[PDB]
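Quick setup: one chain, the form deposited without the named molecule, written in structure tokens, and binding and motion questions come after.
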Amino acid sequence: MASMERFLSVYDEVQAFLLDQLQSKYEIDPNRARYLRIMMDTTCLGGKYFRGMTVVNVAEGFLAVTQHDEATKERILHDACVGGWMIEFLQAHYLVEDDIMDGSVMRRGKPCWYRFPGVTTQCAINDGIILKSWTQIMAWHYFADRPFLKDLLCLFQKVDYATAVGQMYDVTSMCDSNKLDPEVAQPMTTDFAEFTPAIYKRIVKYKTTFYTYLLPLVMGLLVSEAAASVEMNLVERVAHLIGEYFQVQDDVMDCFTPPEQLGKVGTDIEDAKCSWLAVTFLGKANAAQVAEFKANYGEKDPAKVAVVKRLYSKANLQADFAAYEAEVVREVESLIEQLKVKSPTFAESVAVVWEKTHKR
């Protein structure tokens, strides 16, 4: 059976499970069941399933080199699909809540969930809560007797926590740290002293890399009972490296990818985000360029946004991007080599993960 169709079939199975349990155990009525169904579909479906499919792909790699009964191969592939949907639903949770936090308008060429007429923020915050709660219901039901349940829940928990801490880093990235104070309305930085590579790397490491790369790889190892085919510190380092590159790519696209293709009007400049473009620009700008950046960044005025995009264009950040990209290529290839010592198979799964990211 082809992987994607297995994975989509499992979505249907998990959805039916969840909705049927709401009826039998939580006293739900048909209409609220239908609302939840629609919420689940709208918020969890229509992306590329990179995250969830990675769990499946890692598991398929191990199956090719490991002796098992056919029934066991099916059980492992089913568990990899359920685990992948746990990650897709965790992403859905964070995208619903982030879109509300950031006053976002669109996502994947459709309105953000909270903007749907019959949703509203009042419902949507809680819908996002339910999305993450479903990840736990899936795990407790499908992995009840599994030897990896403990480790999978502990890992998922750490990754969710890292992700929330990364959200905090992100939403506070345009403030001066010494001024953070619940009692005082937060001004935007005027110095931009905290727009540095290390501070950027902290934001992206926590906001995105743990859930997008670390969790899919380690979940495919867990459902395969293969965590001893790796050096976990290597897996962490390669996840964090690829994941950073993914985010840099997303930062450049927010500024330069046409909206119809982005699925999004990008507003990182207006929102004063600590983007790779802004940190790279401040790393090579002269005094007058720095001052012109400071006069225009973090403002909704389209003319000021056009001045920042011009400053980026004239600073030939494409060349810095190519240089960054070449260094990451170098480093990812090195880690892949190190991962072949313990597991050619796992190494190859990471190579595929890299190819997929590198070729967006």
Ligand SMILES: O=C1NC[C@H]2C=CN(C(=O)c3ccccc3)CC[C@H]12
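The numbering used is simple: start at 1 and walk along the sequence shown.
Not pictured, yet referred to below: the form solved in complex with the named molecule.
A residue is said to contact a partner when one of its heavy atoms sits within 4.5 Å of a partner heavy atom; residue 289 fails this definition for the named molecule in the deposited complex, lying far away. Under a 4.5 angstroms non-hydrogen atom cutoff, the named molecule in the deposited complex has residue 229 among its neighbouring residues. Proximity of residue 221 to the named molecule in the deposited complex: non-hydrogen atoms within 4.5 Å are present. Contact annotation: residue 303 falls outside 4.5 Å of the named molecule in the deposited complex, judged by heavy atom distances. Although the named molecule is not shown here, in the deposited complex the stretch 325 to 349 places heavy atoms of 342, 343, 344, 345, 346 within 4.5 Å of it, in sequence order.
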